Structures are given as structure tokens and as C-alpha cells.
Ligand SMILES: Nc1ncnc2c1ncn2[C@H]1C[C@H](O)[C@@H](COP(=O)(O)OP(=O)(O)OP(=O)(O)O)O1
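The chain below stands alone and is given in C-alpha cells; this is the form deposited without the ligand.
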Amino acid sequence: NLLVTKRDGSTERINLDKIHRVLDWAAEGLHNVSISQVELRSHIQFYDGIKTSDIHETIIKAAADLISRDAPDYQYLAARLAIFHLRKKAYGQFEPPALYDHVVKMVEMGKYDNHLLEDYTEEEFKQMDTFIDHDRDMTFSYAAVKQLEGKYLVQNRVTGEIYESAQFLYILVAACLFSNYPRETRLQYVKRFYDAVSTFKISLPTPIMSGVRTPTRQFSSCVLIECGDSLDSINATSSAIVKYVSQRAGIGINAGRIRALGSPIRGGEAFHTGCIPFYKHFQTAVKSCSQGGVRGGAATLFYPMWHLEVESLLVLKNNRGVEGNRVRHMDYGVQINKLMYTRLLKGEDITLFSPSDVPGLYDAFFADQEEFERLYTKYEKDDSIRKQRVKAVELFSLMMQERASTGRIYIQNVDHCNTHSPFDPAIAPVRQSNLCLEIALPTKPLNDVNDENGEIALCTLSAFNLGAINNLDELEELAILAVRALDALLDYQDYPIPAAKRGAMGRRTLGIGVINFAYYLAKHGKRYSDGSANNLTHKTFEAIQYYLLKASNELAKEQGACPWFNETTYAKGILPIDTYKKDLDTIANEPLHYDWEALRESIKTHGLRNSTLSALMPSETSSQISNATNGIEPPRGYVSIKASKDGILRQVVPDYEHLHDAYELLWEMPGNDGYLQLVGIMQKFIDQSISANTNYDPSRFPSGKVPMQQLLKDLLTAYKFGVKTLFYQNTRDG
């Protein structure tokens, strides 16, 4: 008989034909999927009085467990089944309610913002409902649905109730972002943005995806804080971190100016103890709202290579040492410039100084390399200055050894960040990066949490899916929607600290990047390691930068340039194509295809809405939702395995069936040269920076040990092609 129990807890008789119908429905259009195979595996686990929800979970998992490279279409079979179960779970039926009724109910329950009902009329919601296509939920993959259900869809985390479906999320994010638009164009934009996000052309960050439409206003994910050399600034920095990590933001801290251990105690401020103690205080601030003082909340601290305590700073995450000299739960970014690299090449020494003892040096390091060398050589000979000399080879090897063993000791080439940038280094120099090393914005130290003369950088992100466009001229529409939606967001969100508001309203900085790069290269028949993708990469990143500046320029015409537009190089008629590292000319010969000189003039005359537009970030979740390869990285394998409460999550790279031999997997690359050239070509056009990785496989080297020579050679190649920063170092576990 097999009794089935329902949601109200009432008994009906099992209906095996109904189940089969759903399976047959879900399978429509898929290849190599056996409905019988799924029925055999799930029916055996049924029993008298099994709830209906449990039947749904059982068949979902059955299909999920058959996902493989040989039958990738199980990804969709499981997904559709999952979508079906979520529909019934939220609406009690498959067919979603009308938009207007849904929004009314959610506003009354306190789950949606009430401004939605004030900002749009019932007729306008009826119009919006005709845009929605609920059948687009049938295009997700199983792993995507799991992320949607896990961290995007509005739900009751305690009771496990899901209140909405993907398409209401997409339509309402659009509705909120363009709510302040004139009624003559408002809904035309709403429809276009909804089409772009629901068909995976534009990806949005997690915070936006889960919050916009709900009553919250906290959407910042990266804050850049610069700390001055004083107890008041140390306290302000610390207070600012606590406020921002409680809202789940990644922090990027510049603590380079703090004077060295021993330096003259100046003002009562016991700076006799040096950097370490204060670094430990920033670590506890970063972990202040973390479970058991270690999980959640992250930061990357930056310091110059010539700091007098650099040798103690470089081994802070070494897992072998006294607790009083170790700050293990933060990542560090070392700041280098051309002079430092020269000393290494010539086999000379590097002189270490405390920032407080060398007037003008620290600022010169970022804004003027000629003045840096002048001051640096002067102070080397000045006998009144406290200093220390170390062999450049020793310092560079100590740094690289720590980078290699932890993977988390990053590099920032400060000269490249200021000679090739959107900002004028005399007025607004770039002095640090963020958590994942792709943001590069100007900052100013605070003397108090509420100091209005300080500046904290924030950046709003998003990305273009290179696997969902047919030709590069589709980026014109996409760039308009991406820029307009994110610029609206800058006025929509809250700012807990005055200095953060200042930078956002002054410069209106954005960071739009790409996902699915590997897939894109595979379908064009190119690889990473042999130089075959150089010209296509050049051509592709010229289109992205060109259309992003165009959209921003059009927006400034309409609504005015950003208040501090005059501090940008763009304001003086200087473009990315005028300041790139000239060595790039030897590795790419593609011509420019767009009219940059027409654009040059327009920017000069009407200005830009946003000071920065592009940045290439990492991405795990966004890419999962659109079944795309992460950011610009090569896949580690054809199938991704992730752990979940419900089971093992598998995801097959896009179009594996036809492109398995076209892909070039991470550990198939012979080395980092090909990849480092592509990053250099991308950096010619990007406003900010890229999260570049370096990868090494021990089994490709004699005795299973990566030679220091190879590590330093790749460091220098990166520098030669204009790479601004370097993120993770991946070493193989084989």
C-alpha cells in the first residue's frame, strides 16, 4: 500500500505514476539520463508513512548522485526537480502567484522593504509581471540551485521556510536599483536589467543578491583603511574595523607608517614597542565578531619592504615560534618598487629604515620614484639616521619562502599602481590594496572614528559573463546596465563611518570584472600557456574597458561627473592606453578597434560619473550560479566537488561534452609565463588591479622541490609586464 504523509500531517496512498510524471517532465530535452535508474535508487528508500517532502528530497539526491563527466545532464535533471520542490515549498503549488500579491504579502510579513509599495503603483507591478519568465528557473544547474536556496532566496533561517523564487529576486533587485528613475524610462531599464541578470549575462555580488529588496541597507563588502602613526589613529582604525566586520566586510589595512621598535617615544604614545603589538590589536578587532575568535571576518595588512622591522613582519604567520611574535590569522601584502628589484639584480644590499626617521621617504615611495631614489640614497649615507643593512638576496628569499609555505604572503608593486592608474599621484596616490588584492583606491588616515577629514575606500563590484555573449558589441548594452545599476546602489546603501561616505560620494568608484574566461578561451580554441590567446585577450579587454568608459561618460552627461573627478588622470585627457607598460608591445600585436580619441575628447569635456570602472576579482559563488569557470582562472578539473548538509555537490565545466579537449586544466600548464602574459595584457586596460595567482607543481622539478631561482624569475616576469599585484601561490598536493 505504502502510505504517504503530507504537510498538515495527513495520510494519503502512494501514487507512483505521479512521481514518474514529474521525472519525465524534468528529463525533457536532456541526453543520457535514465529515469528508471533514478526510480530504482529512490523507490527502495521509501517506507510506510513517509512525508511527501522526503520523497522529493530522495529523488533529488538520487539524480544528484549520478552527476558525472559521462552524463552531465543529470545536473539539470536534479536542478529542475529541486526547483519544483522549492516552488511547492514556498507557494504550495508550482505556479508562482502574481507579482503584486507576492510583494503585498511579503511587505506585511516584514520580509520586503515597504518602499517598494510606495515607489511603484499596482498597475506598474502588473506591467512588471508581464516581463517575468518563470520558465527561466529551468535553466539553473543543481549546484546553482543549492547556492540560491542556501544564501540568496529570502527565507526563515530558524524554521527553514523559503518565501520566494529566483525570478522574483531578479525582478525586484532591478525594481529597487532603478526605483528613483524618471517614470518615462524607469520600467524600460527595469526590464532590460532583469533580462541581463536572469539570462546570466551580468553577475552580482552575494550581499546585493540576498539583501536588495529586503529592509536592510548594508551592502559594502570591501573597505580599505589607512592607519596613521599615532595612538589616536590606531584607535580610530581599530574602531572602524569592528564596525565593518560586524557587517561582514573584508578589510584591507595599511599599517606601514607605524614607527619601528625602539624609535623615539614621541608624545606619551608608547611606540617604543613597535608594530607587532598593534598588529595583534588589529587581528582581535578583525575577529571581534567571529564565532570562536578565529572563523569569519578577514583582513590583509600591508607594509613597505624597507620597514625596519620587515624581518619580524615577514614571519608573522610562520607556524613555528613564540605566540608573542606571531599574528597568524591575517594575510600580509609586501610593498615593493623598482629600486628594491634593482638591488636584487645587482646583488647589493637593501637599507631598512623606520618611517618616522626619514622625512618624505614614505610618500615618495608611492607618488614619485625619482624623489624616492634621491631621498633613499641620501638617507643611506646620513649617519644620524637609525638604519640596518640586509643582503637583497636574503630579504627576497625570506619573503618568497614564507609566500611559498603559507601561500598568503602577497606582493604589491607600488610604482606600477601609481604610474599606470586613474589617479594623479600628487593629489590622490594609491597606497594599498584590499583583501583579495584587486582593488586599488586612494585613502587618508583618520584621527577619530568620526573624523570627517579622513578617507576610507569602498568598492561596489559586479562582473560580465564572457560565456553568455555572442559578440563583443553586446558589451555596450551590458556596460550601460551594469554602470547605472551600481551607481544607483551608491546612493541607496548606508555608511556607518563618515570617512567611508566621503570616498564613495566623492569618487563613486566601481569594480566590474569578468567570469567564465577559461570557457571563453576554450570555445575560441586558445590556451593559457603558449601565447596563443594574447591577441584575443587584448581585443576582448579593449572592448570591455571601452564600453565601460562610454557608459560612464554618457551617465555624466545626464547626471554630472563625480565631485572629485578633477583628481583623476582621466580629467587631464590621459587614458589607460597612454600609460601602460611599454614591454607589452613585444608580446601582442593586435590593433585598437575602437575610437579612443573621440572618447578622449568626450571624457575631457563631460567627465566621468565614476572615478574607476574595472577590477578583476576572484569569484566562487557568482560563477556557481551561472555554471561558469571562476573569474579568469583555469579550472582545476572537469568536475568540482563541494560538501553540503544534503550531500556531495558536483558541477561539470560548461559544455564538457564538446570542449573537453579544448580546456587547459590548471596543472596541465607547464609554467606561469603564458598566464602572466595574459594578466599583463589585461592590466593595460583595467582601472584597478587583478587577483593574479602563481602555481607550482613539485613533481615537475628535480627532487620534488621548487627552486628559489624559478620563484624569483616569475616574480620579475610579472614586474616586467606591468602586473600590479600578486595574490595566492598555489602549490600542488601531489
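Numbering starts at 1 and follows the sequence shown.
Keep in mind the form deposited with the ligand bound is missing from the figure; the text below concerns it.
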request  = Only one of 272, 126, 378, 111 comes within 4.5 Å of the ligand in the bound PDB entry by heavy atoms, so just point that one out.
outcome  = 272
task = Heavy atom within 4.5 Å of the ligand in the bound PDB entry: which of 234, 116, 536, 313 fits that? Just give me the one.
result = 234
request  = Choose from 362-370, 526-534, 467-475, 272-280 the stretch whose residues reach within 4.5 Å of the ligand in the bound PDB entry, heavy atoms counted.
outcome  = 272-280
inquiry  = Since only the chain is shown here, I'm wondering whether residue 502 would be in contact with the ligand in the bound PDB entry (any heavy atom pair within 4.5 Å).
reply    = no
inquiry  = Although the partner isn't part of this model, could you tell me whether residue 510 comes within 4.5 Å of the ligand in the bound PDB entry, counting any heavy atom of the residue?
reply    = no
Contact of residue 229 with the ligand in the bound PDB entry (heavy atom, 4.5 Å) = yes
task = Give a yes or no for residue 289: in the bound PDB entry, does one of its heavy atoms lie within 4.5 Å of a heavy atom belonging to the ligand?
result = yes
note = Taking the ligand in the bound PDB entry and a 4.5 Å non-hydrogen atom cutoff, the residues of 235-262 making contact are 246, 258, 259
